[PDB]
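Below: one structure, written as structure tokens.
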Amino acid sequence: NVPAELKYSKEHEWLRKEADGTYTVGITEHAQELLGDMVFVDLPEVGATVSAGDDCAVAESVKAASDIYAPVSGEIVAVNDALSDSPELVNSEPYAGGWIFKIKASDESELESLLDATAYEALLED
Amino acid sequence: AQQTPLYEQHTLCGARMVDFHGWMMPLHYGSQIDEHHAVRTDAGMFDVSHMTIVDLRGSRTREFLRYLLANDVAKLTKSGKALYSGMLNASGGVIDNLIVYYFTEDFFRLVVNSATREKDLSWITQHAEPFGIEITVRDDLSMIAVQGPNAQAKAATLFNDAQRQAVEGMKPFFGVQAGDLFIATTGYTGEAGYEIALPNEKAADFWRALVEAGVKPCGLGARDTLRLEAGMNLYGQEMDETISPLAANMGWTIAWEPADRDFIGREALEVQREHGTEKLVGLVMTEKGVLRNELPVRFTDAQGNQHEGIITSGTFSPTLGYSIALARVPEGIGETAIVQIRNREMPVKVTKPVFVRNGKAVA
């Protein structure tokens with residue numbers, strides 16, 4: 001529910017640092033629970049520059065459209081095209097096949113302010 | 001908010017509870033999509049204990065109902081037969097859509113929705129009085145709907161021998177009391193199944209037995225997707241007191257013949273039908289996206305002239321794999337329309353107001 005090794009955001013997203021320095025981003029187990037079954041996702045353009053807090057993707061459930069926010073500032077270097085065909089991966093694999101996009105972070109101070117597994121568990125605890 | 005006798009059973013089954021018209025009810029139990037698939041392909045069940053069951057008794061029951069309702073209960077000639085009918089005001093607007101069962105000449109039963117309970121009970125007791133009807137509100141009963149191609153066989157695993165005998169080969173739209181179970185071949189999904197009403201104190205254990213019989217718990221999310229695919233109306237959305245049944249695809253439930261049966265609203269409805277009305281149609285959006293309630297529906301006629309209707313209910317259809325909607329529209333619409341979804345004009349196909357029959361897409 002909260003993989004030990006990921007970093008987390010307050011908008012209920014995780015970030016996994018990759019070998020090449022980029023970050024894979026998705027929504028957490030908590031977030032997908034609250035969304036319910038996903039039926040479409042609208043992904044950003046590869047190459048888009050975002051600021052932390054920009055609404056840059058949309059998860060659509062049977063009930064509602066729900067905005068997904070950039071957790072850090074940077075450039076979108078990849079998006080998860082499997083989601084066009086299998087959007088339910090966001091629900092069944094929110095830390096695995098349900099990843100949403102990958103980002104080249106442009107600001108180290110944002111990265112240093114993201115929650116570790118423990119500090120995320122405590123944001124739920126609340 | 002109030003809760004049914006099943007509230008604890010729903011929590012043990014993993015319900016996500018929401019407030020629904022002052023009732024805590026399961027929105028789903030994990031996956032509304034999977035829940036919809038269970039009803040389409042096997043068996044799913046829904047707590048419908050927030051519906052109100054009204055028993056009516058007395059020698060003028062039939063006569064009363066022939067005046068109260070816009071369908072004609074004189075069509076119920078076999079014991080336990082049910083029909084769907086609107087119940088209209090004097091202006092011909094819809095007060096509710098309800099089901100009614102005939103048991104004997106002097107005993108009928110109505111089932112009414114949760115959201116319209118108090119308005120319907122006042123309208124019924126106001127109008128029944130001069131007919132001398134004994135009216136019983138059965139809040140002592142809960143009710144479970146079990147729906148899908150394996151629903152009747154799974155539920156019938158819980159029946160005793162007399163109960164199985166009572167429902168053997170029962171056709172759609174019948175209900176029969178068999179011990180403490182009232183078993184009816186009705187539903188809100190497009191599928192076969194039962195709605196089973198039983199005493200409140202028996203309902204938790206019956207739900208438990210149905211789970212164990214392989215019937216999946218299904219919540220409000222799937223109840224909406226299933227009913228909407230099946231082209232079934234939701235009061236407040238497809239109709240309300242301002243809307244004629246003729247403009248909510250309820251024309252088929254108006255029993256115009258015999259002409260000499262007056263019923264509340266019939267005069268106004270005859271006048272409406274002569275002036276013509278708007279009509280409820282289906283919309284299918286095959287492009288990516290989801291149709292939502294109250295969106296404008298626009299089309300341009302043969303002459304260059306624009307007309308506008310409105311979505312009454314939209315959703316994503318898991319059986320179709322496309323969004324669908326029911327929409328009330330001017331007469332004159334052709335085969336396609338446009339619906340405005342957040343600043344963009346999405347084309348849609350206009351179809352009959354039903355999308356799935358027998359687990360199969362109807363196009």
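Lettering and numbering for the structure tokens are positional, with chains as A, B, ... in the shown order, residues counted from 1 in each chain, and ligands counted from 1 in the shown order.
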Query raised in the report: Which residues, written as a PyMOL selection string, have at least one atom at most 10 Å from residue 14 in chain A, with only C-alpha atoms counted and residues fewer than 2 positions away on the same chain left out?
Result: chain A and resi 2-3+6-12+16+23-29+71+94-95+99+114-117+120
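Applying a distance limit of 7 Å to only C-alpha atoms, the residues of chain A near chain B read residues 36, 37 and 62 of chain A.
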What does the file look like for those residues with C-alpha atoms, as a PDB file, in the first residue's frame?
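again_14.pdb, freshly written:
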```
ATOM      1  CA  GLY A  36     -12.720   4.136  -8.229  1.00  0.00           C
ATOM      2  CA  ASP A  37     -12.443   2.225 -11.482  1.00  0.00           C
ATOM      3  CA  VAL A  62     -17.456   6.143 -14.269  1.00  0.00           C
TER       4      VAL A  62
END
```
**Report entry** Selection near residue 186 in chain B, 12 Å with only C-alpha atoms, sequence-local residues under 3 positions removed, as a count of residues only
**Finding:** 35
Requested in this report: Could you give me, as a PyMOL selection string, each residue of chain A that DSSP assigns to alpha helix (DSSP H) when run on this structure's backbone?
Outcome: chain A and resi 29-35+89-92+108-112+117-125
